[PDB]
Each structure stands twice: as structure tokens, then as C-alpha cells.
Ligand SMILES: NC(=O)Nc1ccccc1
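Shown here is one chain on its own, the form solved without the named molecule, set out as C-alpha cells.
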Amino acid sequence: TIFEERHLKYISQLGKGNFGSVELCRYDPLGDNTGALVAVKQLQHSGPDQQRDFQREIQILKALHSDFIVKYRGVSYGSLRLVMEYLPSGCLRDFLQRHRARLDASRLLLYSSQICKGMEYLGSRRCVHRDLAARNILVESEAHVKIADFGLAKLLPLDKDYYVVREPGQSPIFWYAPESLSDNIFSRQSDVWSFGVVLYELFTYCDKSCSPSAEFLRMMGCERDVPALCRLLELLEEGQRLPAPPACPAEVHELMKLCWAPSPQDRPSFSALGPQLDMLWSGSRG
């Protein structure tokens, strides 16, 4: 499923960040502005090692088939461009901030359940996302979200249930499991930890003032003579966690705290979380 680079007409820039250079394009082979809109990712000034990692990302997405994972469309020029379905409602983070006044707990629990199903499917494929965050969730419609941004995703080794990542660059440390922060260990259970942070983001409607980073930076205290990563590990080791968001049901906060168990094996699986989020979405008494 090769897309000709001359048929991809540039419309606008969706964004530029760690997730690459993403452009909204029209795939117009007839050349009449009739074609479908697509999201096109490229790595700008990308060396042969970065391009090899990109080819790997493309192959993960190509083999993924879920209604709760953004749909792979194709590749362009084998420099290399990844072609994805375009979701015009944007990221979940911005949608929650904008429609907060009319999104209730049941609607937040519906998104949580969909993310959890997508993550259960990802785990059955032995793939670790490594960057679950509201920013990396796309809105398909009012009642449908999809997991996006597979730039950090890894396929687990055939004989191991964890992946050790030795790569340069900055990490979103305030979304990361303690074993990821301390020893660069990633797994389906470190994805469960980040899912607990996604739950916290949903129930704060992604309010920037009480974001995971703003909360943890406040918890550290007034003293800043210790590097943040060392202070964050100390906080987590002594049992400090993000607080219960205002108006967050007590049972949703109980699921967050379980996702944030210090031991990866003590964290619930996406399989076990899903039916519990569905039950909470129903509004039924437990």
C-alpha cells in the first residue's frame, strides 16, 4: 500500500514535536481536490538509525487492527513518510479542556474503557506503547476515542515480558512507572501504570494547573537542590501519589491507585480493568 509522494497534497501542519512532523495532506491522484484527507508523519533531519526505528514503527502499526487504535493507511517513498487516517476532532487532552462543562463521569468512563480495550489488544500483540497520555489519544467522535502516537512503541522479545530501552533524549517522567524511571524497564505493566495517569488526566479534564507534572512538582516541595528525577523516585518510593481529582468517583481513584502499585506484578491487567470500567460506566450499584 504505497502512496505516491506527488499525489499527497500539503494542506496544513497538524503538529511538530517528539511524535515527529505531522502534516495534514490530501491524497489526490485524480488531481481535482476530491481525495481523502490523511495525517502524514515524517522525521525531519533523520539519520540512518532514526529512519530504521521509523521503519519498525510503520511495521507495528501495519499489523495492528483495532477500532481503538488509529488506522494505518500506508507509506510514501519506500525521506520515508507514514500515512495514517485523519481524525479531525484532535487529541483527547484538548477535547476535554474545551468540552469539560458537558462531559460527565460516564462519558469519561466510556473513553477509559475504549483506551483499556485498545491496550488489551496491544498487549495480546506483545507490544508496549511506552507513552500513554491524553495528548496521545485521538477523538474519532463524541463516543469514540483511539490510541495514537506509536513513535516510542516496542515489540516485546519472544522470550521476555519486558523491554530495556537504552536511547538518548527526554522522557515524560511524570507519566512513567518507577522501574522505567530507575532502570529503563518497559512492559505491559508499565503501560498499566501510565494508564492510571491517563485516568487521572481524564478526571481532571486535563486541567493544566493540576496536571501530573504540576502536581508532582508541587509535591516535591519548595527545595530544588536535588534533580527532579531523583526527587520524583523518592516521592514514589515513600508511597506518594497523585491525589484524587475533584469530583472523581472513589472507585475510579481506587483503580488509579491499583495501576500505581509499586510492584509491576501487583498492578491489574488491562483484561481485568476493562469489565470494571464498564461496570462503573453503567452507573449500577456495585
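A residue's number is simply how far along the shown sequence it sits, counting from 1.
Form solved in complex with the named molecule: not shown, discussed below.
This chain is drawn without the named molecule; in the deposited complex, the residue among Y205, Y163, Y121, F174 with a heavy atom within 4.5 Å of it is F174. When the named molecule is considered in the deposited complex, only one residue from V128, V197, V75, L108 comes within 4.5 Å through any heavy atom, namely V197. Note that among 25-33, 45-53, 229-237, 244-252, the stretch whose heavy atoms approach the named molecule to within 4.5 Å in the deposited complex is 229-237. A residue is said to contact a partner when one of its heavy atoms sits within 4.5 Å of a partner heavy atom; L258 fails this definition for the named molecule in the deposited complex, lying far away. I60 falls outside the set of residues with a heavy atom inside 4.5 Å of the named molecule in the deposited complex.
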